[PDB]
Structure formats: structure tokens, C-alpha cells
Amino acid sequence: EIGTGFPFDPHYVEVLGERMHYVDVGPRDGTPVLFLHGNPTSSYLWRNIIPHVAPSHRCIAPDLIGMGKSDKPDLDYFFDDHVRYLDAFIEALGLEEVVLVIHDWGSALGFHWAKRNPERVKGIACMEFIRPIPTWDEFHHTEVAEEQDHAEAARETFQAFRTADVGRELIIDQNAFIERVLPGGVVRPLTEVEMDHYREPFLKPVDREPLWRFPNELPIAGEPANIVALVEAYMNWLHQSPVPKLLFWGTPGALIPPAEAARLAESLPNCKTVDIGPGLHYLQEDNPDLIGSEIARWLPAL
């Protein structure tokens, strides 16, 4: 998506005693849309999708704590830390019912906030989201042959992130997530302005900590027992939830290759899928016009 700039109004609310940047655009009612980014992104991630929606809805796009232009409170950045800071923000913005547009680790928070706040979620638009990974032969799974190689590489890649010192060398000293994994996850080439934008919140290896904690929070193998249980928990909720669902996909996909999205087209009730064409993991950067066109369209009848 040609869209290279981030012209939004520089808003900042305070949360559990801490500043959080966010994007607020749109009429300023109906039912607000929350765009929750994952790792290792920020509001910059939703920047060309949101304009499709603002014409009709209020688009809010928080920058996770320790992430983006938010504040870097000094903490480990587990998953509950983020759970906490959102929940405080949401109340801070005093927003009542929402529609949710949620990405990678942004969907873990999204689905978790919804499973705890069912009658507050008016709809769920999602794409490459975090669900339970029983084993590794299951991570980045695929039943297309020509791609069995790529899933292995990735499997090994996340392998390293989760191991004693190499997680920290790679992700932290060498900024693996920003410098290789991100641009990795987008099919087309990523301009330097686009990179600088993603790089910016991150010029200090001492700060890369969250882009490290996330990989190790990943519910792979029943590790860590705790996150796992809440992902089994909201995927169980989701699987049973009437809330209308919008799930976007891409070939070869990543966390959700085409096989699953097709499965999830029936596995999840009241669920339309949309094919964004060639894409990897960071779909927002491959075909963001469509993603917004179809959010725009999917909303009114909610």
C-alpha cells in the first residue's frame, strides 16, 4: 500500500499514571472502532486502513504500553502488563461498546477483552490472530508443499527467540523483530520512511524488551501454562460467540494460512472472510485498501 504518511492528530491520554499515544478520528460516536496493533508495530500499522472507516465511524488506535509513542514505564512487559494498560485506557477513554479490529498480539488482547466484556463487543474484524499452538509442527502450519520449507525456517526462527540468550542478542541487540521479522512478514518491499517509522520507537536496545517478551509469551507447547489457558479460553469463547466476525486472509498467510481461514469460515459463527490476495503476516502493509473497504462495508449492518 503506497500510503506512507501518518498525519493523525497527536492524542495522549493518561493510564495507570502513564502516557499513551493513540489515534482518534471520526464523527465521535455511533459505535467506536478500536484498532489494536500487535508486535512489533504501533498505530503506524493501521494508518492506511483507518481512513476508509473514519468517514462513518470513530476510529481509535492505541499504541500499546512501552510501545510506539507511548511511555516506556520500566517493566518486564508480560502479557498481563498489556492486558492491564489497555483495560485502563478503554475506561480512560470511557468507551462503552466497541467494534474491534485486531491484529497479531493485538488480537490476544482484543479477544481477551471481549471474552471478559462480551456485551460490549459489537463486532470483531481480525487477521493473523494468536490462537493455541499445541505443538510446533503446528506453528506456521501448512498443507501446501511448496511452502513446507518456509514454515520450518519460521519454526526455527521462533525457536531461537524462546531460548536462553539469543532471544536477547537477536531481538534486543540485533533488533531481529524490526529489522528482519517485520519486513519479512510483508510480501512487497518496505520503503525506508516506512522502516524509520517502525524503527523510531526503538533506537535503544535497552528498549527492545517488549519485542522480546512477546515471542516468549507465545502460547506454544503449553508454554507458558498461564497464557495458554486464556487463549484456549477465548478461542473457546469465540467459537461460541454470536458476534458477527470479519477475518481477513492472504496466501501464503502465516499464523493463519488459507486452509485455516477456510476452516474458520465455519468454525466461527457469523463469520465472513475476505481474501486480500498475496500476503504474509503483516497484511496491513500488503493490501490495506481492501481491508478498509470491507471494514467500512461490514460496519453499518452491525
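So that there is no doubt, residue numbering starts at 1 and follows the sequence shown.
For the two regions 198 to 206 and 159 to 167, the entry's Cα B-factors average higher over 159 to 167. Of the two segments, 12 to 20 and 281 to 289, the one listed with the higher mean B-factor is 12 to 20 (C-alpha atoms only). Highest CA B-factor among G123, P189, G110, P73, as stated in the entry: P73. Based on the entry's C-alpha B-factors, the most elevated value among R116, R213, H103, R84 belongs to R84. Ranked within its chain, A296 lands in the lowest third, by CA B factor from the PDB record. Among the modelled residues of its chain, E223 has a C-alpha B-factor that falls in the highest third, as given in the PDB entry. Remark: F89 belongs to the middle third of its chain, ranked by C-alpha B-factor as recorded. The PDB entry assigns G26 a C-alpha temperature factor belonging to the highest third of its chain's modelled residues. Per the PDB record, residue ranking by Cα B-factor puts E217 in the middle third of the chain.
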